[PDB]
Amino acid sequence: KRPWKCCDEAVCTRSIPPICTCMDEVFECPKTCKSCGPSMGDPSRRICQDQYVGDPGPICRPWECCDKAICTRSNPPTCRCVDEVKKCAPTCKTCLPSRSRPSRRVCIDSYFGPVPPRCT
């Protein structure tokens, strides 16, 4: 079936259906993946190499984008996001109301993965 359950870095064609590669770095080859191997010319940055045809599925990370990411220095880093949003992403585990913007919420999750895209 699909070689991943979720993908943070899906590179897909704008076609029906999409043709997709998941560029997410892996630390062990997922059971759903046919083969893992290097990426970005880096022998140590391993990915699921499989091309998939079909909807790539959801992101893994707890925020689609973040304008206020705070991350460690590792590659990949561990990051949190202090954006105050109308609704946390479905993939956020712990969402709390904001003190300063009472109609907004904050996701307090920490997540190990590449710096998320900026929202703005």
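Residue numbers run from 1 along the displayed sequence.
*Asks:* Higher average CA B factor in the deposited record is what I'm after, so tell me if that's 94 to 102 or 12 to 20.
*Replies:* Per the deposited B-factors, the answer is 94 to 102.
*Asks:* Could you check the entry and say whether 46 to 54 or 84 to 92 has the higher mean CA B-factor?
*Replies:* That would be 84 to 92.
*Asks:* Comparing against every modelled residue in the chain, figure out the third that the C-alpha B-factor of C119 lands in (lowest, middle or highest).
*Replies:* It falls in the top third of the chain.
*Asks:* Using the B-factors in the PDB entry, rank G37's C-alpha atom against the chain and give the third, lowest, middle or highest.
*Replies:* Middle third, going by the recorded CA B-factors of the chain.
*Asks:* Just say lowest, middle or highest third for the CA B-factor of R73 relative to the other modelled residues in its chain.
*Replies:* Middle third - that is where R73 ends up once the chain's C-alpha B-factors are sorted.
*Asks:* With respect to C-alpha B-factor, does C66 fall in the lowest, middle or highest third of the chain as deposited?
*Replies:* Middle third - that is where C66 ends up once the chain's C-alpha B-factors are sorted.
*Asks:* Looking at the temperature factor on the CA atom of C79, which third of the chain's modelled residues does it land in?
*Replies:* As the PDB entry reports it, the C-alpha B-factor of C79 lands in the lowest third of its chain.
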